[PDB]
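Source file: work30.cif. Holds: mmCIF, N, CA, C and O atoms.
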```
data_work
loop_
_atom_site.label_atom_id
_atom_site.label_comp_id
_atom_site.auth_asym_id
_atom_site.auth_seq_id
_atom_site.Cartn_x
_atom_site.Cartn_y
_atom_site.Cartn_z
N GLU F 1 29.54 -38.45 -40.64
CA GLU F 1 28.83 -39.70 -40.41
C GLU F 1 29.79 -40.90 -40.37
O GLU F 1 29.59 -41.83 -39.59
N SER F 2 30.89 -40.88 -41.13
CA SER F 2 31.88 -41.96 -41.10
C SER F 2 32.60 -42.05 -39.76
O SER F 2 32.71 -43.14 -39.20
N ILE F 3 33.04 -40.94 -39.17
CA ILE F 3 33.70 -40.99 -37.86
C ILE F 3 32.71 -41.25 -36.73
O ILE F 3 33.07 -41.92 -35.77
N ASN F 4 31.45 -40.83 -36.87
CA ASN F 4 30.42 -41.27 -35.94
C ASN F 4 30.23 -42.78 -36.02
O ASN F 4 30.16 -43.44 -34.99
N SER F 5 30.21 -43.36 -37.22
CA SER F 5 30.10 -44.80 -37.43
C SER F 5 31.27 -45.59 -36.82
O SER F 5 31.07 -46.61 -36.16
N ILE F 6 32.49 -45.06 -36.90
CA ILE F 6 33.65 -45.63 -36.20
C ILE F 6 33.48 -45.54 -34.68
O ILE F 6 33.71 -46.52 -33.99
N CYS F 7 33.01 -44.42 -34.14
CA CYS F 7 32.72 -44.31 -32.71
C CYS F 7 31.62 -45.26 -32.23
O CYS F 7 31.74 -45.87 -31.18
N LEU F 8 30.57 -45.45 -33.03
CA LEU F 8 29.51 -46.43 -32.79
C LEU F 8 30.02 -47.87 -32.76
O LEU F 8 29.37 -48.73 -32.17
N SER F 9 31.16 -48.17 -33.37
CA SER F 9 31.77 -49.50 -33.22
C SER F 9 32.30 -49.74 -31.80
O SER F 9 32.44 -50.88 -31.38
N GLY F 10 32.56 -48.68 -31.02
CA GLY F 10 33.04 -48.78 -29.65
C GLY F 10 31.96 -49.18 -28.64
O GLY F 10 30.77 -48.98 -28.88
N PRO F 11 32.36 -49.72 -27.48
CA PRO F 11 31.43 -50.19 -26.46
C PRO F 11 30.64 -49.07 -25.78
O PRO F 11 31.05 -47.91 -25.75
N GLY F 12 29.50 -49.42 -25.21
CA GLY F 12 28.59 -48.55 -24.48
C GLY F 12 27.72 -47.63 -25.33
O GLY F 12 26.78 -47.04 -24.81
N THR F 13 28.00 -47.50 -26.63
CA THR F 13 27.26 -46.60 -27.51
C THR F 13 25.83 -47.11 -27.75
O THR F 13 25.64 -48.29 -28.06
N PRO F 14 24.79 -46.27 -27.57
CA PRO F 14 23.40 -46.73 -27.58
C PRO F 14 22.85 -47.08 -28.97
O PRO F 14 23.33 -46.60 -29.99
N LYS F 15 21.79 -47.89 -28.98
CA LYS F 15 20.95 -48.19 -30.15
C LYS F 15 19.71 -47.30 -30.12
O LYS F 15 18.90 -47.41 -29.19
N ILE F 16 19.53 -46.42 -31.10
CA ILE F 16 18.36 -45.54 -31.19
C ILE F 16 17.68 -45.78 -32.54
O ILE F 16 18.34 -45.60 -33.57
N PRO F 17 16.41 -46.21 -32.60
CA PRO F 17 15.71 -46.40 -33.87
C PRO F 17 15.69 -45.13 -34.73
O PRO F 17 15.53 -44.02 -34.21
N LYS F 18 15.81 -45.27 -36.05
CA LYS F 18 15.76 -44.12 -36.97
C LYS F 18 14.43 -43.39 -36.85
O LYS F 18 13.36 -44.01 -36.80
N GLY F 19 14.49 -42.06 -36.79
CA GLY F 19 13.34 -41.18 -36.56
C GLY F 19 12.96 -40.96 -35.09
O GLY F 19 12.05 -40.17 -34.82
N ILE F 20 13.65 -41.59 -34.13
CA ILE F 20 13.48 -41.34 -32.70
C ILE F 20 14.64 -40.47 -32.20
O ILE F 20 15.80 -40.72 -32.53
N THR F 21 14.33 -39.45 -31.41
CA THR F 21 15.32 -38.63 -30.70
C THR F 21 15.28 -38.99 -29.23
O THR F 21 14.24 -38.85 -28.59
N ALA F 22 16.39 -39.45 -28.68
CA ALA F 22 16.54 -39.66 -27.25
C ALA F 22 16.91 -38.34 -26.57
O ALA F 22 17.62 -37.52 -27.14
N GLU F 23 16.47 -38.14 -25.34
CA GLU F 23 16.63 -36.88 -24.60
C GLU F 23 16.95 -37.18 -23.14
O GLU F 23 16.53 -38.21 -22.62
N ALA F 24 17.62 -36.28 -22.45
CA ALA F 24 17.78 -36.33 -21.00
C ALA F 24 17.67 -34.93 -20.41
O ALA F 24 18.05 -33.95 -21.03
N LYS F 25 17.17 -34.84 -19.18
CA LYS F 25 17.01 -33.57 -18.47
C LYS F 25 17.37 -33.69 -16.99
O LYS F 25 17.19 -34.73 -16.37
N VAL F 26 17.80 -32.58 -16.43
CA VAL F 26 17.99 -32.39 -14.99
C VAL F 26 17.09 -31.24 -14.54
O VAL F 26 16.91 -30.28 -15.27
N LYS F 27 16.55 -31.32 -13.33
CA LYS F 27 15.96 -30.16 -12.65
C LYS F 27 16.96 -29.63 -11.65
O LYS F 27 17.45 -30.37 -10.81
N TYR F 28 17.27 -28.34 -11.73
CA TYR F 28 18.23 -27.69 -10.86
C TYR F 28 17.54 -26.73 -9.89
O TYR F 28 16.47 -26.21 -10.16
N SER F 29 18.19 -26.49 -8.77
CA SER F 29 17.85 -25.44 -7.82
C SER F 29 19.13 -24.85 -7.25
O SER F 29 19.74 -25.44 -6.37
N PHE F 30 19.55 -23.69 -7.75
CA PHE F 30 20.69 -22.95 -7.21
C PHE F 30 20.25 -22.06 -6.07
O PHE F 30 19.29 -21.31 -6.21
N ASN F 31 20.95 -22.10 -4.94
CA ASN F 31 20.59 -21.36 -3.75
C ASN F 31 21.45 -20.11 -3.62
O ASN F 31 22.67 -20.19 -3.48
N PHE F 32 20.81 -18.95 -3.59
CA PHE F 32 21.44 -17.65 -3.44
C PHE F 32 20.76 -16.88 -2.31
O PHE F 32 19.62 -17.13 -1.95
N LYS F 33 21.47 -15.89 -1.78
CA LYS F 33 20.87 -14.78 -1.04
C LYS F 33 21.24 -13.49 -1.76
O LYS F 33 22.35 -13.39 -2.27
N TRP F 34 20.34 -12.52 -1.77
CA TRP F 34 20.59 -11.17 -2.26
C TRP F 34 20.69 -10.22 -1.07
O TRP F 34 19.90 -10.33 -0.14
N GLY F 35 21.66 -9.33 -1.07
CA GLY F 35 21.95 -8.44 0.05
C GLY F 35 21.98 -6.98 -0.36
O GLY F 35 22.40 -6.65 -1.46
N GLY F 36 21.53 -6.10 0.52
CA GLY F 36 21.59 -4.66 0.27
C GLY F 36 20.99 -3.82 1.39
O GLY F 36 20.44 -4.34 2.36
N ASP F 37 21.07 -2.51 1.22
CA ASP F 37 20.23 -1.57 1.96
C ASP F 37 18.77 -1.64 1.48
O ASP F 37 18.49 -2.10 0.37
N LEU F 38 17.83 -1.22 2.33
CA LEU F 38 16.40 -1.36 2.06
C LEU F 38 15.99 -0.63 0.77
O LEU F 38 16.32 0.55 0.59
N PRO F 39 15.25 -1.28 -0.15
CA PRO F 39 14.83 -0.69 -1.41
C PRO F 39 13.54 0.16 -1.28
O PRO F 39 12.81 0.03 -0.29
N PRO F 40 13.23 1.00 -2.28
CA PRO F 40 11.95 1.70 -2.39
C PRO F 40 10.80 0.78 -2.86
O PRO F 40 11.03 -0.35 -3.30
N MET F 41 9.55 1.26 -2.79
CA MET F 41 8.33 0.51 -3.14
C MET F 41 7.19 1.45 -3.56
O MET F 41 7.24 2.64 -3.25
N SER F 42 6.15 0.95 -4.26
CA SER F 42 4.99 1.74 -4.71
C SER F 42 3.64 1.01 -4.50
O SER F 42 3.60 -0.19 -4.22
N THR F 43 2.53 1.75 -4.58
CA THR F 43 1.19 1.31 -4.16
C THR F 43 0.10 1.68 -5.18
O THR F 43 0.30 2.51 -6.06
N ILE F 44 -1.06 1.03 -5.07
CA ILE F 44 -2.19 1.09 -6.01
C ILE F 44 -3.43 1.68 -5.32
O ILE F 44 -3.65 1.42 -4.14
N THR F 45 -4.25 2.46 -6.03
CA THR F 45 -5.49 3.03 -5.46
C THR F 45 -6.43 1.94 -4.95
O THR F 45 -6.60 0.94 -5.63
N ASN F 46 -7.12 2.16 -3.84
CA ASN F 46 -8.12 1.22 -3.34
C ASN F 46 -9.38 1.11 -4.22
O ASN F 46 -9.83 -0.01 -4.46
N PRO F 47 -10.00 2.21 -4.72
CA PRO F 47 -11.25 2.12 -5.47
C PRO F 47 -11.10 1.37 -6.78
O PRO F 47 -11.93 0.53 -7.11
N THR F 48 -10.04 1.64 -7.55
CA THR F 48 -9.77 0.91 -8.82
C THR F 48 -8.83 -0.24 -8.51
O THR F 48 -7.61 -0.10 -8.74
N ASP F 49 -9.35 -1.34 -7.95
CA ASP F 49 -8.52 -2.50 -7.55
C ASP F 49 -9.32 -3.79 -7.77
O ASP F 49 -10.50 -3.67 -8.16
N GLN F 50 -8.72 -4.96 -7.52
CA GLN F 50 -9.42 -6.26 -7.69
C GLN F 50 -10.84 -6.13 -7.12
O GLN F 50 -10.96 -5.98 -5.88
N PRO F 51 -11.91 -6.18 -7.94
CA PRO F 51 -13.26 -5.98 -7.44
C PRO F 51 -13.86 -7.26 -6.86
O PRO F 51 -13.62 -8.34 -7.42
N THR A 1 -17.12 0.94 15.70
CA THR A 1 -17.80 -0.30 16.12
C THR A 1 -18.41 -1.07 14.94
O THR A 1 -18.46 -2.30 14.94
N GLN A 2 -18.72 -0.36 13.84
CA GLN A 2 -19.27 -0.96 12.59
C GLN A 2 -18.15 -1.60 11.76
O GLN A 2 -18.48 -2.50 10.95
N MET A 3 -16.90 -1.18 11.92
CA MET A 3 -15.74 -1.83 11.29
C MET A 3 -15.31 -3.01 12.16
O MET A 3 -14.63 -2.84 13.17
N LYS A 4 -15.73 -4.22 11.80
CA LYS A 4 -15.39 -5.44 12.54
C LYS A 4 -13.97 -5.89 12.19
O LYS A 4 -13.35 -5.36 11.28
N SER A 5 -13.41 -6.86 12.91
CA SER A 5 -12.05 -7.35 12.66
C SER A 5 -11.88 -8.12 11.34
O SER A 5 -10.77 -8.45 10.96
N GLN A 6 -12.97 -8.41 10.63
CA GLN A 6 -12.95 -9.10 9.35
C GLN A 6 -12.13 -8.38 8.26
O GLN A 6 -11.89 -7.18 8.34
N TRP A 7 -11.77 -9.10 7.21
CA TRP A 7 -11.24 -8.51 5.98
C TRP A 7 -12.34 -7.81 5.18
O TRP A 7 -13.47 -8.28 5.12
N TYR A 8 -12.00 -6.71 4.51
CA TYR A 8 -12.87 -5.96 3.62
C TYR A 8 -12.12 -5.63 2.34
O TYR A 8 -10.95 -5.28 2.40
N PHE A 9 -12.76 -5.64 1.18
CA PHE A 9 -12.15 -5.07 -0.02
C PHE A 9 -11.81 -3.59 0.20
O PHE A 9 -12.65 -2.83 0.66
N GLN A 10 -10.61 -3.18 -0.21
CA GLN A 10 -10.16 -1.77 -0.04
C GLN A 10 -11.08 -0.82 -0.81
O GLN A 10 -11.12 0.34 -0.41
N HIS A 11 -11.73 -1.25 -1.90
CA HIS A 11 -12.69 -0.43 -2.68
C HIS A 11 -13.92 -0.10 -1.82
O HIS A 11 -14.44 1.02 -1.95
N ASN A 12 -14.35 -1.03 -0.97
CA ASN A 12 -15.53 -0.83 -0.13
C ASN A 12 -15.25 0.12 1.03
O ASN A 12 -16.01 1.06 1.26
N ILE A 13 -14.16 -0.10 1.76
CA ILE A 13 -13.81 0.70 2.94
C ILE A 13 -13.09 2.01 2.63
O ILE A 13 -12.92 2.82 3.54
N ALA A 14 -12.67 2.27 1.39
CA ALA A 14 -11.89 3.44 1.02
C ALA A 14 -12.44 4.75 1.58
O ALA A 14 -11.69 5.54 2.15
N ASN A 15 -13.74 4.99 1.43
CA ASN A 15 -14.39 6.25 1.82
C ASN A 15 -15.05 6.23 3.20
O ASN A 15 -15.53 7.27 3.65
N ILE A 16 -15.09 5.10 3.91
CA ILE A 16 -15.66 4.99 5.25
C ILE A 16 -14.81 5.81 6.23
O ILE A 16 -13.62 5.53 6.36
N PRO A 17 -15.35 6.82 6.94
CA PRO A 17 -14.56 7.64 7.85
C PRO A 17 -14.25 6.86 9.12
O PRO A 17 -15.14 6.55 9.91
N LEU A 18 -12.97 6.51 9.34
CA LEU A 18 -12.55 5.62 10.47
C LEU A 18 -12.16 6.41 11.72
O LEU A 18 -11.95 5.77 12.78
N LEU A 19 -12.04 7.72 11.62
CA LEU A 19 -11.75 8.59 12.76
C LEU A 19 -12.28 10.01 12.50
O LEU A 19 -12.07 10.54 11.42
N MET A 20 -12.89 10.64 13.51
CA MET A 20 -13.09 12.09 13.55
C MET A 20 -12.24 12.71 14.64
O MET A 20 -12.31 12.28 15.79
N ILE A 21 -11.47 13.75 14.33
CA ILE A 21 -10.75 14.57 15.31
C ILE A 21 -11.36 15.96 15.33
O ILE A 21 -11.48 16.59 14.29
N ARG A 22 -11.74 16.46 16.50
CA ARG A 22 -12.21 17.83 16.74
C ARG A 22 -11.17 18.56 17.57
O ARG A 22 -10.82 18.09 18.64
N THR A 23 -10.68 19.70 17.11
CA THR A 23 -9.66 20.49 17.83
C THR A 23 -10.05 21.95 17.89
O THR A 23 -10.55 22.47 16.90
N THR A 24 -9.81 22.63 19.00
CA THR A 24 -10.00 24.08 19.15
C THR A 24 -8.81 24.71 19.86
O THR A 24 -8.26 24.12 20.80
N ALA A 25 -8.38 25.88 19.40
CA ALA A 25 -7.31 26.68 20.00
C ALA A 25 -7.78 27.40 21.27
O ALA A 25 -8.90 27.89 21.35
N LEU A 26 -6.91 27.49 22.26
CA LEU A 26 -7.26 27.77 23.65
C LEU A 26 -6.18 28.63 24.32
O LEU A 26 -5.01 28.60 23.93
N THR A 27 -6.51 29.38 25.37
CA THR A 27 -5.50 29.73 26.37
C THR A 27 -5.99 29.42 27.77
O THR A 27 -7.10 29.79 28.13
N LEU A 28 -5.15 28.76 28.56
CA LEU A 28 -5.40 28.45 29.96
C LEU A 28 -5.04 29.62 30.89
O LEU A 28 -5.78 29.93 31.81
N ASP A 29 -3.93 30.31 30.63
CA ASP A 29 -3.43 31.42 31.46
C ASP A 29 -4.13 32.77 31.22
O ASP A 29 -4.07 33.66 32.07
N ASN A 30 -4.80 32.95 30.09
CA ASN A 30 -5.55 34.15 29.72
C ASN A 30 -7.03 33.83 29.52
O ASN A 30 -7.70 34.48 28.73
N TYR A 31 -7.55 32.82 30.21
CA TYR A 31 -8.87 32.26 29.97
C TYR A 31 -10.00 33.29 29.98
O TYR A 31 -10.85 33.28 29.10
N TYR A 32 -10.01 34.22 30.94
CA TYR A 32 -11.05 35.25 31.03
C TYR A 32 -10.72 36.50 30.24
O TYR A 32 -11.56 36.98 29.48
N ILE A 33 -9.52 37.05 30.42
CA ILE A 33 -9.11 38.30 29.76
C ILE A 33 -8.98 38.10 28.24
O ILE A 33 -9.40 38.95 27.46
N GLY A 34 -8.43 36.97 27.81
CA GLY A 34 -8.23 36.64 26.40
C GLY A 34 -7.36 37.67 25.72
O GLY A 34 -6.21 37.87 26.11
N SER A 35 -7.91 38.39 24.75
CA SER A 35 -7.27 39.53 24.09
C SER A 35 -7.99 40.87 24.32
O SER A 35 -7.80 41.81 23.56
N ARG A 36 -8.79 40.97 25.39
CA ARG A 36 -9.44 42.22 25.83
C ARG A 36 -8.43 43.36 25.97
O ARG A 36 -7.35 43.18 26.52
N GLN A 37 -8.83 44.55 25.52
CA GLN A 37 -8.11 45.81 25.70
C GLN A 37 -9.05 46.84 26.34
O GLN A 37 -10.21 46.92 25.95
N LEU A 38 -8.56 47.64 27.29
CA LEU A 38 -9.36 48.62 28.03
C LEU A 38 -10.60 47.97 28.70
O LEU A 38 -10.44 47.05 29.50
N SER A 39 -11.81 48.46 28.42
CA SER A 39 -13.06 47.98 29.01
C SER A 39 -13.39 46.52 28.67
O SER A 39 -13.00 46.02 27.62
N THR A 40 -14.19 45.86 29.50
CA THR A 40 -14.77 44.54 29.17
C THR A 40 -15.75 44.60 27.99
O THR A 40 -15.90 43.62 27.27
N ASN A 41 -16.40 45.75 27.78
CA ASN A 41 -17.32 45.99 26.67
C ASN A 41 -16.59 45.97 25.32
O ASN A 41 -15.56 46.63 25.16
N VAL A 42 -17.15 45.28 24.34
CA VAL A 42 -16.75 45.33 22.93
C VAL A 42 -17.75 46.18 22.15
O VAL A 42 -18.95 46.16 22.43
N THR A 43 -17.27 46.97 21.19
CA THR A 43 -18.13 47.79 20.32
C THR A 43 -18.46 47.04 19.04
O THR A 43 -17.57 46.62 18.31
N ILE A 44 -19.75 46.91 18.74
CA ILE A 44 -20.27 46.30 17.51
C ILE A 44 -20.83 47.42 16.63
O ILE A 44 -21.66 48.20 17.09
N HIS A 45 -20.46 47.46 15.35
CA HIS A 45 -21.09 48.40 14.39
C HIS A 45 -22.28 47.65 13.79
O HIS A 45 -22.20 46.42 13.76
N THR A 46 -23.37 48.32 13.44
CA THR A 46 -24.52 47.70 12.77
C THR A 46 -25.20 48.64 11.79
O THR A 46 -25.15 49.86 11.97
N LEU A 47 -25.95 48.08 10.83
CA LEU A 47 -26.78 48.91 9.93
C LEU A 47 -28.02 49.33 10.72
O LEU A 47 -28.69 48.42 11.26
N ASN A 48 -28.32 50.63 10.82
CA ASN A 48 -29.58 51.07 11.47
C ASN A 48 -30.70 50.21 10.89
O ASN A 48 -30.82 50.18 9.65
N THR A 49 -31.45 49.48 11.72
CA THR A 49 -32.54 48.60 11.26
C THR A 49 -33.77 49.44 11.00
O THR A 49 -34.44 49.16 10.01
N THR A 50 -33.94 50.55 11.73
CA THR A 50 -35.15 51.39 11.66
C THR A 50 -35.22 52.27 10.40
O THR A 50 -36.20 52.97 10.22
N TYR A 51 -34.20 52.23 9.53
CA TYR A 51 -34.16 53.02 8.29
C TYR A 51 -33.63 52.23 7.08
O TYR A 51 -34.17 52.38 5.99
#
```

Translate the structure of the given file into structure tokens.
Amino acid sequence: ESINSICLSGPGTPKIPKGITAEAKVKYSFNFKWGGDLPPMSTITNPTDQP
Amino acid sequence: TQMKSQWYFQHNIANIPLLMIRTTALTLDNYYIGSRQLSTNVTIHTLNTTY
């Protein structure tokens, strides 16, 4: 807490009221393609299905 | 003709017969003779009906 207090003496450091937590977030979208030979697949009975 | 172009639940149409195929084995080159041997007459065995 003492070295944080020395850093808080420096410029640009924010004022946050006691008991408040400040937060920041980014939304990301990474773009990929997946490549391969054709995969296998499986199926469901018609009678026992979404009615 | 009863199956329209509409969507149907797979549970409903599952058992509806969508095609009938009728097939019979044939010969074109042996059409009359078939598998005949000797006479045109075939012999049938039967239980005497009168006894």

Output check: residues returned by the PyMOL selection byres (((chain A and resi 9 and name CA) around 9) and name CA), as a list in words: residues 46, 49, 50 and 51 of chain F; 7, 8, 10, 11, 12, 13 and 14 of chain A

Might I get the box with edges along x, y and z of the file that holds all atoms of segment 41-46 of chain F listed there, padded by 4 Å on every side, given as centre and edge lengths in Å to one decimal, as JSON?
```
{"center_x": -0.1, "center_y": 1.4, "center_z": -4.4, "size_x": 27.4, "size_y": 11.2, "size_z": 11.3}
```

I'd like the contact shell of segment 35-43 of chain A - 12 Å cut-off, only C-alpha atoms, skipping same-chain residues fewer than 6 positions apart - returned as a tab-separated table (two decimals) with N, CA, C and O atoms, keeping the file's coordinate frame.
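Done, and the output landed in result.tsv:
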```tsv
chain	number	residue	atom	x	y	z
A	26	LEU	N	-6.91	27.49	22.26
A	26	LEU	CA	-7.26	27.77	23.65
A	26	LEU	C	-6.18	28.63	24.32
A	26	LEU	O	-5.01	28.60	23.93
A	27	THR	N	-6.51	29.38	25.37
A	27	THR	CA	-5.50	29.73	26.37
A	27	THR	C	-5.99	29.42	27.77
A	27	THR	O	-7.10	29.79	28.13
A	29	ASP	N	-3.93	30.31	30.63
A	29	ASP	CA	-3.43	31.42	31.46
A	29	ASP	C	-4.13	32.77	31.22
A	29	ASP	O	-4.07	33.66	32.07
```

What does the distance between atom CA of residue 30 of chain A and atom N of residue 46 of chain A come to in Å, to one decimal place? 28.0 Å

Calculated over all atoms listed in the file, which of the candidates A:51, A:25, A:15, A:44 has the smallest distance to chain F? A:15

Rounded to one decimal place, report the atom C of residue 18 of chain A-atom N of residue 5 of chain A distance in Å.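 Atom-to-atom, atom C of residue 18 of chain A to atom N of residue 5 of chain A, that is 13.4 Å.
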
Atom N of residue 48 of chain F to atom N of residue 22 of chain A, distance in Å rounded to a single decimal: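 Taking atom N of residue 48 of chain F as the start and atom N of residue 22 of chain A as the end point, the length is 28.3 Å.
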
From a DSSP calculation on the backbone, collect every residue of chain A in alpha helix (DSSP H) and output the set as a PyMOL selection string. chain A and resi 10-13
